[PDB]
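Secondary and tertiary structure notes
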Amino acid sequence: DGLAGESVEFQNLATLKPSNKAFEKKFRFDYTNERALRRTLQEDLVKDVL
Amino acid sequence: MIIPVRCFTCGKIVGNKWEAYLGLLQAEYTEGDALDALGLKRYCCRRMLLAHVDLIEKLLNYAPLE
Amino acid sequence: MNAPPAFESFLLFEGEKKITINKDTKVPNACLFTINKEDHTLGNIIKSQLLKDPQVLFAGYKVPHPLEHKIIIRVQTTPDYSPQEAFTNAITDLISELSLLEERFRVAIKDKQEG
Amino acid sequence: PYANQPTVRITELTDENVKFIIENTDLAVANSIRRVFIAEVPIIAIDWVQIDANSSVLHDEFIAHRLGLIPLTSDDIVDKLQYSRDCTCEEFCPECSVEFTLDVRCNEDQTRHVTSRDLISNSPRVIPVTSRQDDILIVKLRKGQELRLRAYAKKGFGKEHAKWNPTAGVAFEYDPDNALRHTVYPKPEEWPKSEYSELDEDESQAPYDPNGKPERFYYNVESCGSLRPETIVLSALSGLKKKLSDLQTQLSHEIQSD
Amino acid sequence: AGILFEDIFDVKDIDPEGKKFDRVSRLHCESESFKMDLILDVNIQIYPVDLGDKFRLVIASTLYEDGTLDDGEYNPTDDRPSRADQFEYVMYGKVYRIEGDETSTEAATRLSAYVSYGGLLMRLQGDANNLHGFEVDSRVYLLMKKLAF
Ligand SMILES: [Zn+2]
Ligand SMILES: [Zn+2]
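Here is what the cut-offs are and how they apply
Residues numbered from 1 in each chain as written, not as in the entry; some residues may be left out. Chains lettered and ligands numbered in written order. Part of a larger assembly, values for the part shown. Heavy atoms only, no water. UniProt positions renumbered as here; feature names shortened; annotations may be inferred. Helix = DSSP H or I, 4+ residues; strand = E, 2+ residues; numbered from the N terminus. Contact = heavy atoms within 4.5 Å. Areas by Shrake-Rupley, 256 points an atom, 1.4 Å probe, with all protein chains shown as cover. Rg over C-alpha atoms; globule rule 2.2 N^0.38 Å. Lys, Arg positive; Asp, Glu negative; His and termini not counted. Charge placed at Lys NZ, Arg CZ, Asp CG, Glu CD. Buried < 20%, exposed > 50% of the residue type's maximum accessible area, 1.4 Å probe, protein only. Donors = N, O, S within 2.8 Å, 3.2 Å for Na, K, Ca; no water. Buried area = accessible area lost by both parts, 1.4 Å probe. Salt bridge = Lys/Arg side-chain N within 4 Å of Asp/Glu carboxyl O. Pairing = 2+ DSSP bridges. Axes fitted to C-alpha atoms, helices over the stretch in contact; angles between N-to-C directions. Parallel < 35°, antiparallel > 145°, perpendicular 65-115°, else oblique. Left-handed = near helix turned anticlockwise from the far one by under 90°. Nonpolar A, V, L, I, M, F, W, Y, C, P; charged D, E, K, R; others polar. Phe/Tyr/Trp six-rings, centres within 6.5 Å; stacked < 30°, edge-to-face > 60°.

Taking the PDB entry as the reference, chain E is identified by name as DNA-directed RNA polymerases I, II, and III subunit RPABC3 belonging to Sus scrofa. The record for the entry shows the title "Structure of mammalian Pol II-DSIF-SPT6-PAF1-TFIIS-hexasome elongation complex". Here is the UniProt Subcellular location (unreviewed entry) comment for chain E, exactly as written: "Nucleus".

As named in the PDB entry, chain B is DNA-directed RNA polymerases I, II, and III subunit RPABC5, taken from Sus scrofa.

Time to look at the overall build of chain B. From N to C terminus, chain B includes 4 helices and 0 strands. Taken from the N to the C terminus, the helices and strands of chain B come in the order α-α-α-α. If you line up chain B on its principal axes, its C-alpha atoms span 40 × 30 × 15 Å. A separation threshold of at least 6 residues defines the contact pool for chain B, and within that pool the share at least 24 residues apart is 54%. Within the structure as shown, chain B displays about 3,700 Å² of accessible surface, and the carbon and sulfur contribution to it stands at 57%.

Let us now look at the overall build of chain E. For chain E, the helix and strand inventory stands at 0 helices and 9 strands. In sequence order, the secondary structure elements of chain E are arranged as β-β-β-β-β-β-β-β-β. The globule rule puts the C-alpha radius of gyration for 149 residues at 15 Å, and the 15 Å found for chain E is close to it. Across its three principal axes, chain E shows a C-alpha extent of roughly 50 × 35 × 30 Å. Looking at chain E as shown, the accessible area adds up to about 8,100 Å², and 50% of this sits on carbon and sulfur atoms. Distance between charge centres in chain E, computed from 17 positive and 29 negative side chains, equals 4 Å.

Here the focus is the UniProt feature "binding site: Zn(2+)" (unreviewed entry) in chain B. Residues and elements named next belong to chain B. Those places that UniProt annotates as "binding site: Zn(2+)" (unreviewed entry) correspond, in this numbering, to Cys-7, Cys-10, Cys-44 and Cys-45. Taken together, the annotated residues stretch across 39 residues yet fold into one region, lying no more than 7.2 Å apart by C-alpha. Mapped onto the fold, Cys-10 is located in the segment before α1 (18-27). With a relative accessible area of 12%, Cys-10 lands in the buried category.

Once that is clear, we can look at the coordination of the zinc ion (ligand 1). Residue and element names in this part refer to chain B. The protein atoms donating to the zinc ion (ligand 1) are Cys-7 (SG), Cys-44 (SG) and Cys-45 (SG), with metal-donor distances spanning 2.2 Å. Spacing between the donor residues of the zinc ion (ligand 1) along the chain follows C-x36-C-C. One end of the pair, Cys-7, is in the segment before α1; the other, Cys-45, is in helix α3 (residues 43-51), with 38 residues separating them in the sequence. With respect to class, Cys-7 is no different from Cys-45; both count as buried.

On to the interface of chain D and chain B. Listed by partner, the interface residues are 29 residues for chain D and 25 residues for chain B. Both sides together, the interface formed by chain D and chain B hides about 2,100 Å², and carbon and sulfur atoms give 59% of it. Counting the surface chain D buries against chain B, the share from its top three residues, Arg66(D), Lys140(D) and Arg142(D), is 26%. Where chain D touches chain B, the interface holds 4 salt bridges.

This part takes up the pairing of strand β1 (residues 7-14) of chain E. All names here are of chain E. Pairing of β1 with strand β4 (residues 54-57) involves 4 bridges; the strand directions are antiparallel. The residue of β4 that forms the bridge with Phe-9 is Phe-55. The pairing of β1 with strand β2 (residues 24-31) spans 4 bridges and is antiparallel. Note that in β2 the partner of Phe-9 across the bridge is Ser-31.

Residues and elements named next belong to chain D. Contact pair helix α1 (residues 27-38) / helix α3 (residues 229-256): the axes reach a minimum separation of 9 Å and the direction vectors enclose 110 degrees. Judged by the angle between their axes, α1 and α3 are roughly perpendicular. In the crossing of α1 with α3, the sense of the turn from one axis to the other is right-handed. Of the residues in α3, those touching α1 at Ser-32, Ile-33, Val-36 and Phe-37 are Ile-232, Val-233, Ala-236, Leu-237 and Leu-240. Residue composition of the contact of α1 with α3, by class: 8 nonpolar, 1 polar and no charged.

Counted by the stated rule, this structure contains 23 aromatic pairs over all chains. For the pair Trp48(D) and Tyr152(D), a centre-to-centre distance of 5.3 Å together with 75 degrees between the ring planes defines the contact as edge-to-face. According to the relative accessible area criterion, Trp48(D) is partly exposed, its value standing at 30%. Ring centres of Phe5(E) and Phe34(E) lie 6.3 Å apart, and the angle between their planes is 50 degrees; this geometry places the pair in the tilted category. Remark: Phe34(E) occurs in the loop between β2 and β3 (39-43) and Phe5(E) occurs in the segment before β1; sequence separation between them is 29 residues. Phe5(E) gets classed as buried once you look at its relative accessible area, which sits at 5%. With a relative accessible area of 40%, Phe34(E) lands in the partly exposed category. Cluster of aromatic residues (ring-pair linked, three or more members): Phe105(C), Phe20(D), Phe37(D), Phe172(D), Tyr174(D), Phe217(D) and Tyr219(D).

Right, let's talk about the pattern of salt bridges for a bit. Oppositely charged side chains can form a pair if their charged atoms are brought close together. By the definition in use, this model includes 34 salt bridges over all chains. For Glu57(B), the salt bridge is made with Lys140(D), and the minimal N-O distance between the two is 2.6 Å. Separated into two different chains, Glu57(B) in helix α4 (residues 56-59) and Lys140(D) in strand β7 (residues 139-141) make up a pair that spans both. Given a relative accessible area of 35%, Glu57(B) falls into the partly exposed group. Here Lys140(D) falls in the buried class, since its relative accessible area comes to 2%. The shortest N-O distance in the salt bridge between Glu99(E) and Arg97(E) comes to 2.1 Å.

Residues and elements named next belong to chain E. Among the structural elements, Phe-9 can be located in strand β1. Expressed as a C-alpha distance, the spacing of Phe-9 and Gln-45, which sit 36 residues apart in the sequence, is 20 Å. Ignoring any residue separated from it by four or fewer positions in sequence, one finds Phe-9 in contact with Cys-29, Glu-30, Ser-31, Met-36, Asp-37, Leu-38, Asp-53, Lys-54, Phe-55, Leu-57 and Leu-124.

This part is about the sheet that holds strand β1 (residues 19-23) of chain C. Residue and element names in this part refer to chain C. Across the sheet, 4 strands lie side by side as β1-β2-β4-β3; this open sheet has antiparallel pairing. Where the open sheet ends on each side, the last strands, each with one partner, are β1 and β3 (56-62). Shown here is a sheet whose adjacent strand axes are inclined to one another by a mean of 15 degrees, direction ignored. As paired strands, β3 and strand β4 (residues 70-77) are joined by 6 bridges and run antiparallel to one another. Bridge pairing in β4 places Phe-58 opposite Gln-76. Its contacts with the sheet put helix α1 (residues 40-50) on β3 and β4, and the angle it makes with β3 is roughly 170 degrees.

Structure, rendered in structure tokens:
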């Protein structure tokens, strides 16, 4: 990989081992639920994605 | 080899008590009752006289002359 | 063979100052007194005496290395009070108290002796 | 912002130890006196030994070491002498030293206890502690062995060498019942009572006293013979007060010169 | 002002899981009016609290009444009249978390401000209206005082 060992760390891969439904409801970003996006995004972004 | 002058820990003079303490043990005192008849209370000062081994009496056997 | 001579803990060399004030720059009104050839005997009474001063905001002392005979006393006071006079007043009254303790110990001796 | 008014109360005074109580002082002032008893109290002790003939079974430095540890009665001299390094003389003076002399030859058949009776001083007042109880054995000689030396006693304190340490043991103590909980016992009843404990035999430690400082420091200063046990104290108070006055003079010079 | 909260609590359970430390104990109080929980750790040695005690607990954002918002350094020499002069136990901490019963769509009704007082934790788990002035990473005071009723 071309990297030296003094700087790498131990991480976790998130997309390995959830299951085909927990992966979807966690990495998917529905843009259809209008109510949920006013909770996360501000008002002038929820029209741009909707 | 010869009784130290002072107790290493405390500072108290124990150099003058080796003859008195061997004399009390010769009399009849038990060894713990000799050590406080001499006036040694702390157990720091009491091991100077219990543990002392007198070698200079053996070194004096090697006379240089006579 | 590398043993330092034992008078080196109290005798001042040639050129060494006893005491040395340095204004501290991180906070306002703070100084560092560096006493040479002293130890926890003198450094502890001064610090505890300075903590009795209500106008002293910080007082402490450290001994940077024990093989070396130097303490540092850091004093910080309130802006109407320099740490030069905090340290001076902490000695003046430490003296007045030791002198009074001596007078009282002396009369208590001469009353215990036949009394 | 000011000083405190300590009060003293001698409970026992003998010619070998003093027990006093100091009240109303800080713990730092009370502990710093304790350290001045041990190091910085001047005393006379043999510090220069010139050995002319030594044929004992002990060394040459074994004799000189055992001679430095012999306590010499310094009591009003020690405050009139000067330190050796400050005498404006060349090769010791009556005004900065006291000269001793040991000359012993075993001629008889029995062994010789060279004790400190044999150390003859040139001042009648600085003598080894023999005045009014055996004497500090220096060597034991056999038939034909001898020891001649002359020695010199100068002034010093226990911070250079322990030989100039005037005390047997200082017993400092404060707060006998764990009222401040400066120490925290895991099982407070396995602990014996202090000598000074104003506590009954029922309860183990005093109930915790939240706002409270140490006072009433109990001391028990025990002399080794050299100074009298109340002169160790009066001299430690003056020795401390003099360290402080010197620091203050050097400080005022540092202040005015900045 | 700066009173983020104010109420009367009463000790309902003292260290329940067993006493883990010796000068610190968990108080599980409950409130009286707003019906809040509290999990507090107090220095049980300089301010002892026993069961069934009631105390007024004022979580404040500053100590000076005018709300002039001090820095966060300790200066004892200070004339200004404080709120700590009418309380008995004042602590100073840092709110480290705000959990809630949010869902993905609608908001939350019950909050929980966890603040930490130099190491001694607290959780004020109530409903989402009394926990308003609390935002994570902000300095806050405790100010409690026992009611002798
Ligand atoms: Zn001892
Ligand atoms: Zn001289």
